[PDB]
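Engineer: So the protein sequences, as listed, match chains A, B, C and D.
FYI, the numbering for the first sequence is 824 to 871, going by the authors' numbering.
FYI, the numbering for the second sequence is 630 to 678, going by the authors' numbering.
FYI, the numbering for the third sequence is 1412 to 1539, going by the authors' numbering.
FYI, the numbering for the fourth sequence is 921 to 1017, going by the authors' numbering.
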Amino acid sequence: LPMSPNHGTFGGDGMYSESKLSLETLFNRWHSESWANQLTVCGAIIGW
Amino acid sequence: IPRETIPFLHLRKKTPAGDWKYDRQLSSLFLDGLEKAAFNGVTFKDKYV
Amino acid sequence: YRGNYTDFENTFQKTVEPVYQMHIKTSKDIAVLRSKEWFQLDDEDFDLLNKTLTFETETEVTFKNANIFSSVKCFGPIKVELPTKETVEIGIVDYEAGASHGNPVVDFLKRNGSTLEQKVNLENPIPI
Amino acid sequence: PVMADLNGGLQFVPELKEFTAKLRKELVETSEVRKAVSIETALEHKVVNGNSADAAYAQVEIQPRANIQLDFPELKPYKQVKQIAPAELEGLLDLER
């Protein structure tokens, strides 16, 4: 996943920060939900 | 890596409290991986992407 | 004098320029003023922000030809308006040129300054 | 799951937004001030030197024409063309065949 450190810091970017942040749910889901064996999640907070 | 110095490129570990915090051990693994890559090159044979 | 004269060395023009007043509102004006070599304050570190400088220049010109000059020498004190509404000299114009097609000091002041009073036309002339 | 952080330590700069905005403002105001001084010095030059001392600075540009060549083969000097063929060839061929 292409993650961001920007979470509505800079702003004025419609819903980018909402899209980026909402991929952080996939860490917890990989445990709670039953798709662990088919997908591994590797977030990558991508800098400047 | 200096003691109490977070490297520029690091991995985080989930704390029991339910937050992601810098792990020295993981980040060491990642950095060793990056070193070997930058010295000996890395190969992606038999990898669909 | 109706006639064909060419006595340019004898010609001259010791004009007294109209006092040009410049309000320094920004810090770009300061850098523009300080870039000018003719602009010379007595105290070089004088704070020029939010001031009212009046340039009471006296421009002499000796001619070479009909359309160029030989010696251009604009000069005069540069005052500042105090809070007491009394002007105090804080520097001088020291412009001295040779072969010139104009005065850059009065050019600069015209482009960036006022004339202390403004001619404002009416909407229409009134036949008295 | 693995959370990689490739941020390059940018997370440790406080109020990043206003700090980037600040830096950009100083580059902008330094570029505009040095433009507004170069444009004053240009004008002062143009008023003192008129349009005749600042006319000597304008060079004549040549613009290309099309010179469409027939592209004939380049013939080398005799020493160069003598080296590629074997030395035995001279007087060997029937040049009508």
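Where is the CB? At the ideal position from N, CA and C, for every residue including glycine.
Who are the neighbours of D:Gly928 on chain B, taking C-beta pairs under 7 Å?
Structural biologist: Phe637
Engineer: Identify whether A:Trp853 lies in helix, strand or coil by the three-state DSSP scheme.
Structural biologist: helix
Engineer: Please check if any C-beta of chain D sits within less than 8 Å of the C-beta of C:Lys1475.
Structural biologist: no
Engineer: Can you tell me which residues form a DSSP beta bridge with B:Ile630?
Structural biologist: In the DSSP output, where bridge partners are listed per residue, B:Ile630 has none listed.
Engineer: Does the distance from the C-beta atom of D:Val967 to that of C:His1512 stay below 8 Å?
Structural biologist: yes
Engineer: Which of the three DSSP states, helix, strand or coil, is assigned to A:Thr848?
Structural biologist: helix
Engineer: How many angstroms separate the CA atom of C:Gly1524 from the CA atom of A:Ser840?
Structural biologist: 50 Å
Engineer: How many angstroms separate the CA atom of C:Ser1446 from the CA atom of D:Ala975?
Structural biologist: One C-alpha to the other measures close to 25 Å.
Engineer: With H, G and I counted as helix, E and B as strand and the rest as coil, what does DSSP make of D:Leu1009?
Structural biologist: coil
Engineer: Would you mind stating whether C:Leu1520 and C:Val1491 have Cβ atoms separated by less than 8 Å?
Structural biologist: Result no, Cβ atoms of C:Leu1520 and C:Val1491 do not sit closer than 8 Å.
Engineer: Under 8 Å by Cβ, that's how I've got B:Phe659 and D:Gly928 pegged, so tell me the actual separation to the nearest angstrom.
Structural biologist: Going by Cβ atoms, the distance from B:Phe659 to D:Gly928 rounds to 14 Å, so no, they are not a contact pair.
Engineer: Would C:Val1499 and C:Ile1489 be called neighbours here (beta carbons separated by less than 8 Å)?
Structural biologist: no
Engineer: Specify, as a first and last residue, the run of the alpha helix (DSSP H) that D:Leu943 falls within.
Structural biologist: Residues 936-968.
Engineer: For a quick check, are the C-beta atoms of C:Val1531 and C:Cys1485 less than 8 Å apart?
Structural biologist: no
Engineer: Quick one: which chain D residues come within Cβ less than 8 Å of C:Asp1518?
Structural biologist: Those within 8 Å of C:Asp1518 in chain D are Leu963, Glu964, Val967.
Engineer: Please compile the residues from chain A whose C-beta is within a distance smaller than 8 Å of the C-beta of D:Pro921.
Structural biologist: By Cβ distance, chain A contributes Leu849, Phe850, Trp853, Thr863, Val864, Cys865, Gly866.
Engineer: Quick check on DSSP: helix, strand or coil for B:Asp661?
Structural biologist: helix
Engineer: Identify whether C:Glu1492 lies in helix, strand or coil by the three-state DSSP scheme.
Structural biologist: strand
Engineer: Where do the N-terminal and C-terminal ends of the alpha helix (DSSP H) with C:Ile1441 fall, by residue?
Structural biologist: 1439-1446
Engineer: Quick check on DSSP: helix, strand or coil for B:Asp652?
Structural biologist: Coil, per DSSP.
Engineer: Tell whether a beta-carbon distance below 8 Å holds between B:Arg641 and D:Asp925.
Structural biologist: yes
Engineer: Give me the subset of the stretch 825-839 of chain A whose CB atoms are less than 8 Å from a CB atom of chain D, sorted by chain position.
Structural biologist: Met826, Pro828, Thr832, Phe833, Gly834
Engineer: Would you report the Cα separation of residue 1565 of chain C and C:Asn1476, rounded to the nearest angstrom?
Structural biologist: There is no way to answer for residue 1565 of chain C, as the model of chain C reaches only from 1412 to 1539.
Engineer: Name the residue from C:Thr1470, C:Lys1462, C:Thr1526 whose alpha carbon lies nearest to the alpha carbon of C:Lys1496.
Structural biologist: C:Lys1462
Engineer: Which chain C residues are close to D:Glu960, counting only those with a beta carbon under 7 Å from its beta carbon?
Structural biologist: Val1443, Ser1446
Engineer: Contact criterion: CB-CB distance below 8 Å. Does D:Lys937 meet it with respect to chain A?
Structural biologist: yes
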